[PDB]
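Shown here: structure-v6.pdb, PDB, C-alpha atoms.
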```pdb
ATOM      1  CA  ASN A 342     108.967  84.993 -57.742
ATOM      2  CA  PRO A 343     106.942  88.062 -58.917
ATOM      3  CA  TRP A 344     107.443  90.019 -55.680
ATOM      4  CA  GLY A 345     111.108  89.278 -55.056
ATOM      5  CA  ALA A 346     113.242  86.591 -53.459
ATOM      6  CA  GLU A 347     110.885  85.883 -50.583
ATOM      7  CA  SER A 348     109.119  82.613 -50.945
ATOM      8  CA  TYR A 349     105.416  82.139 -51.355
ATOM      9  CA  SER A 350     105.135  80.357 -48.061
ATOM     10  CA  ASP A 351     107.212  83.199 -46.448
ATOM     11  CA  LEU A 352     104.731  85.807 -47.513
ATOM     12  CA  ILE A 353     101.688  83.487 -47.305
ATOM     13  CA  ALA A 354     102.528  82.822 -43.699
ATOM     14  CA  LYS A 355     102.945  86.594 -43.091
ATOM     15  CA  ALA A 356      99.519  87.159 -44.553
ATOM     16  CA  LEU A 357      98.008  84.317 -42.630
ATOM     17  CA  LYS A 358      99.812  85.734 -39.561
ATOM     18  CA  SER A 359      97.453  88.695 -39.599
ATOM     19  CA  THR A 360      94.644  86.403 -38.238
ATOM     20  CA  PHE A 361      96.571  83.096 -37.936
ATOM     21  CA  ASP A 362      94.789  81.989 -34.809
ATOM     22  CA  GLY A 363      91.508  81.668 -36.565
ATOM     23  CA  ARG A 364      91.303  81.745 -40.317
ATOM     24  CA  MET A 365      92.203  83.924 -43.209
ATOM     25  CA  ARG A 366      90.148  84.087 -46.233
ATOM     26  CA  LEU A 367      91.823  83.153 -49.426
ATOM     27  CA  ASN A 368      90.798  86.473 -50.941
ATOM     28  CA  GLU A 369      92.157  88.305 -47.871
ATOM     29  CA  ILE A 370      95.490  86.609 -48.542
ATOM     30  CA  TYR A 371      95.442  88.008 -52.087
ATOM     31  CA  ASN A 372      94.442  91.407 -50.701
ATOM     32  CA  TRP A 373      97.336  91.207 -48.247
ATOM     33  CA  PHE A 374      99.800  90.895 -51.113
ATOM     34  CA  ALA A 375      98.091  93.610 -53.114
ATOM     35  CA  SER A 376      98.208  95.930 -50.140
ATOM     36  CA  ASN A 377     101.702  95.089 -48.756
ATOM     37  CA  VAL A 378     103.448  94.432 -52.034
ATOM     38  CA  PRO A 379     103.473  97.345 -54.545
ATOM     39  CA  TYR A 380     103.765  94.936 -57.492
ATOM     40  CA  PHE A 381     100.491  93.290 -56.529
ATOM     41  CA  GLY A 382      98.813  96.595 -55.937
ATOM     42  CA  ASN A 383      99.279  96.949 -59.681
ATOM     43  CA  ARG A 384      97.593  93.587 -60.179
ATOM     44  CA  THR A 385      94.159  93.719 -58.615
ATOM     45  CA  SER A 386      91.892  93.319 -61.646
ATOM     46  CA  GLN A 387      90.575  89.878 -62.715
ATOM     47  CA  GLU A 388      93.145  89.150 -65.402
ATOM     48  CA  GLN A 389      95.784  91.123 -63.589
ATOM     49  CA  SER A 390      95.613  89.021 -60.502
ATOM     50  CA  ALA A 391      94.490  85.613 -61.859
ATOM     51  CA  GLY A 392      97.976  84.458 -62.735
ATOM     52  CA  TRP A 393      99.608  85.238 -59.446
ATOM     53  CA  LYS A 394      96.550  83.798 -57.719
ATOM     54  CA  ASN A 395      97.196  80.633 -59.733
ATOM     55  CA  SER A 396     100.739  80.705 -58.422
ATOM     56  CA  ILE A 397      99.559  80.904 -54.793
ATOM     57  CA  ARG A 398      96.872  78.284 -55.531
ATOM     58  CA  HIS A 399      99.467  76.063 -57.197
ATOM     59  CA  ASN A 400     101.567  76.064 -54.053
ATOM     60  CA  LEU A 401      98.496  75.759 -51.805
ATOM     61  CA  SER A 402      97.633  72.591 -53.682
ATOM     62  CA  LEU A 403     101.204  71.231 -53.563
ATOM     63  CA  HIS A 404     102.068  71.745 -49.948
ATOM     64  CA  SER A 405      99.979  69.705 -47.574
ATOM     65  CA  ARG A 406     101.169  72.121 -44.870
ATOM     66  CA  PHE A 407      98.394  74.340 -46.051
ATOM     67  CA  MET A 408      94.964  73.036 -45.258
ATOM     68  CA  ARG A 409      91.421  74.226 -45.629
ATOM     69  CA  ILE A 410      89.301  74.778 -42.672
ATOM     70  CA  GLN A 411      85.814  73.430 -42.870
ATOM     71  CA  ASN A 412      83.055  75.915 -43.001
ATOM     72  CA  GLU A 413      79.566  75.056 -43.964
ATOM     73  CA  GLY A 414      79.068  77.300 -46.940
ATOM     74  CA  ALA A 415      79.268  76.866 -50.665
ATOM     75  CA  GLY A 416      80.648  79.118 -53.376
ATOM     76  CA  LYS A 417      84.020  80.842 -53.495
ATOM     77  CA  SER A 418      83.815  81.699 -49.832
ATOM     78  CA  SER A 419      86.535  79.358 -48.745
ATOM     79  CA  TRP A 420      89.168  79.890 -46.166
ATOM     80  CA  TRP A 421      92.178  77.954 -45.169
ATOM     81  CA  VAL A 422      94.826  77.842 -42.429
ATOM     82  CA  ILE A 423      98.318  76.542 -42.034
ATOM     83  CA  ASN A 424      98.469  73.135 -40.437
ATOM     84  CA  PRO A 425      99.484  73.513 -36.748
ATOM     85  CA  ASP A 426     101.297  70.205 -36.945
ATOM     86  CA  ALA A 427     103.373  71.500 -39.843
ATOM     87  CA  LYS A 428     104.389  74.816 -38.369
ATOM     88  CA  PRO A 429     106.990  75.500 -35.610
ATOM     89  CA  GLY A 430     106.393  76.831 -32.155
ATOM     90  CA  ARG A 431     104.057  74.144 -30.985
ATOM     91  CA  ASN A 432     104.651  70.453 -31.498
ATOM     92  CA  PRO A 433     101.696  68.015 -31.160
ATOM     93  CA  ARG A 434     101.302  66.478 -27.684
ATOM     94  CA  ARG A 435     100.869  63.082 -29.194
ATOM     95  CA  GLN A 436     103.380  62.097 -31.783
ATOM     96  CA  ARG A 437     101.613  61.316 -34.992
ATOM     97  CA  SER A 438     104.979  61.007 -36.533
ATOM     98  CA  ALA A 439     106.676  58.953 -33.855
ATOM     99  CA  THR A 440     108.424  56.517 -36.147
ATOM    100  CA  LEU A 441     107.094  53.064 -35.294
ATOM    101  CA  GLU A 442     109.998  50.733 -34.976
TER     102      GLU A 442
END
```

For the file at hand, write its structure as structure tokens.
Amino acid sequence: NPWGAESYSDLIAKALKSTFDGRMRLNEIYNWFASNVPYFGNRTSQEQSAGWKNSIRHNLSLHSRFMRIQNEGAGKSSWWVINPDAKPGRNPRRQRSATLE
């Protein structure tokens, strides 16, 4: 990992944690890293950041635990949140995964 031994999801969640109860903008997430991680503060330009953005985006598109929140608006203005049913602290009242036997 470019920042250290922390995992993407470790730091992604920390970023998201700054406004976790609502939404965090995908660009804010990048800004979080750039601000809190010195290495990323060195990578804020388009080509400087694109690769590590691709890394975050790669994981965002692999883990279904990350999900996009619907907002009616086109363009790059997208924002996403971590799936409440895939994060600890609060388990769903109704068991979606109840194991039907």

Legend entry - Selection: 9 Å around residue 400 in chain A, only C-alpha atoms, excl. self and same-chain fewer than 6 positions, as an MDAnalysis selection string: chainID A and resid 349:350 407

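When you apply the PyMOL selection byres ((chain A and resi 396) around 12) to this structure, what comes back is residues 342, 343, 344, 348, 349, 350, 353, 371, 390, 391, 392, 393, 394, 395, 397, 398, 399, 400, 401, 402 and 403 of chain A.
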
Legend entry - Sel. within 12 Å of pt (89.3, 86.1, -48.4), counting all atoms listed in the file, output as number ranges by chain: A: 356-357, 360, 364-374, 417-422

Now that the selection is made, can you save its residues with C-alpha atoms as a PDB file, in the frame of the given file?
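Result written to again11.pdb:
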```
ATOM      1  CA  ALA A 356      99.519  87.159 -44.553  1.00  0.00           C
ATOM      2  CA  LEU A 357      98.008  84.317 -42.630  1.00  0.00           C
ATOM      3  CA  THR A 360      94.644  86.403 -38.238  1.00  0.00           C
ATOM      4  CA  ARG A 364      91.303  81.745 -40.317  1.00  0.00           C
ATOM      5  CA  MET A 365      92.203  83.924 -43.209  1.00  0.00           C
ATOM      6  CA  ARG A 366      90.148  84.087 -46.233  1.00  0.00           C
ATOM      7  CA  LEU A 367      91.823  83.153 -49.426  1.00  0.00           C
ATOM      8  CA  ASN A 368      90.798  86.473 -50.941  1.00  0.00           C
ATOM      9  CA  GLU A 369      92.157  88.305 -47.871  1.00  0.00           C
ATOM     10  CA  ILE A 370      95.490  86.609 -48.542  1.00  0.00           C
ATOM     11  CA  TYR A 371      95.442  88.008 -52.087  1.00  0.00           C
ATOM     12  CA  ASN A 372      94.442  91.407 -50.701  1.00  0.00           C
ATOM     13  CA  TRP A 373      97.336  91.207 -48.247  1.00  0.00           C
ATOM     14  CA  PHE A 374      99.800  90.895 -51.113  1.00  0.00           C
ATOM     15  CA  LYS A 417      84.020  80.842 -53.495  1.00  0.00           C
ATOM     16  CA  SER A 418      83.815  81.699 -49.832  1.00  0.00           C
ATOM     17  CA  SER A 419      86.535  79.358 -48.745  1.00  0.00           C
ATOM     18  CA  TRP A 420      89.168  79.890 -46.166  1.00  0.00           C
ATOM     19  CA  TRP A 421      92.178  77.954 -45.169  1.00  0.00           C
ATOM     20  CA  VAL A 422      94.826  77.842 -42.429  1.00  0.00           C
TER      21      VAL A 422
END
```

Legend entry - Length of the CA of residue 406 in chain A to CA of residue 424 in chain A vector [Å]: 5.3 Å

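Going from CA of residue 355 in chain A to CA of residue 380 in chain A covers 16.7 Å.
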
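Rounded to one decimal, CA of residue 351 in chain A and CA of residue 429 in chain A lie 13.3 Å from each other.
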